[PDB]
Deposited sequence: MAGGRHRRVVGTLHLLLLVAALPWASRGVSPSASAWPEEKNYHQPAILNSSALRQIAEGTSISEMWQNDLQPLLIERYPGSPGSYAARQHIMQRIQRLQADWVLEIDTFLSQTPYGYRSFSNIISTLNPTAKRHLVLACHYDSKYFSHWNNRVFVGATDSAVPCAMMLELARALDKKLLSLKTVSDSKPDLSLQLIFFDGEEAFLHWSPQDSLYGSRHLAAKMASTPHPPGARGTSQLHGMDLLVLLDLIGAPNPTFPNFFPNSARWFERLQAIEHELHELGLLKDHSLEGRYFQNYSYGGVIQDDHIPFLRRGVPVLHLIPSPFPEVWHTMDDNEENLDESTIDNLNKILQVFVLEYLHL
């Protein structure tokens, strides 16, 4: 079958000048995210709960209200769990469904199931509601350049349901949404009418955000096949510093360090990885000090870190997509 699944190994970015970096900082507003994107997600939203549904509708509405021509799919499936059968729904948002190639941004939108311990509620502020909102604030900041789309390439956003275990982390109790999605795409022909290629082959790179929002994260190099693109993240971070385009930020503790981790952490990327999709995994090591506590809330977030990461990220999408 034709060889376009080769193209990703050759793709190169389109680097921005100093005047165009400045524009991007001005383009992005954390407090608008904080109020209109982030806060309506800080709620109990484990799979099947009335919060899951509220959260899915809020995410849909914030996207529909943009100009860029986004196509939305709800992917609804039944799976077995320790508490029996349950239904889940991944949310998928695509620009130019027909293009063979897509850069993919992903996170998970469910929150881990718990009882109401010490009369509190778990709402996973780093895990992973901030990541969702940064995705929502990216589509809005760049809705202008993203509309200039009506190398055959576009953009895609995935919001997984069921990342967390219900009872005890095992292969059969975790990653419900990503295991189903990776298989579905492996067996769907792409582009439409193709005879020998699939939607997976169409994934250019998968950028997974997990556990973002705490102060002083450090993100390692996990994989040697995406090393060259993690390196671009460094150089983007370092240049926006010397232009003092970031806040409360220092070059002595940079977010993207130069030390490969070696092993891997279990997460939504795994069913994609083992079928040959390239992955850039933006999960910090160590895990926030609040990980899986009633104190992963709005109060412990750190407004400045998030605002820096929104900026670097927004540039990487823009240079990858030659926009």
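According to the record, the deposited residues with no C-alpha atom in the structure span 1 to 32, 183 to 188.
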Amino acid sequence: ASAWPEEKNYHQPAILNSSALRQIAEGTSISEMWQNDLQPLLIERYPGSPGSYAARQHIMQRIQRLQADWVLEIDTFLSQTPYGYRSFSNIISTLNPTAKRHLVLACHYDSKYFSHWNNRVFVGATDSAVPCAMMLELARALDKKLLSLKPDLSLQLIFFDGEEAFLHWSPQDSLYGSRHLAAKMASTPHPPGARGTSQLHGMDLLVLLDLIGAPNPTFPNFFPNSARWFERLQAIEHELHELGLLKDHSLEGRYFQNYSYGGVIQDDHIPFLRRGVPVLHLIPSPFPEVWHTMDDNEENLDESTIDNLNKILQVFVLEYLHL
From here on, numbers count along this sequence of modelled residues.
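The PDB entry records a higher mean C-alpha B factor for 100 to 108 than for its counterpart among 100 to 108 and 161 to 169. Just going by the entry, 296 to 304 versus 12 to 20 on mean CA temperature factor gives the higher value to 12 to 20. The residue among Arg120, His190, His180, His249 whose C-alpha atom has the highest B-factor in the PDB entry is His249.
The PDB entry gives the largest Cα B-factor of the residues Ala125, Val207, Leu72, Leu240 to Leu240.
Compared with the other modelled residues of the chain, the Cα B-factor recorded for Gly244 ranks in the highest third. Sort the chain's modelled residues by C-alpha temperature factor and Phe256 lands in the highest third, per the entry.
Per the PDB record, residue ranking by Cα B-factor puts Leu146 in the highest third of the chain. In the PDB entry, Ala55 places in the lowest third of its chain by CA B-factor. Placement of the Cα temperature factor of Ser93 within the chain: middle third of the modelled residues, per the deposited record.
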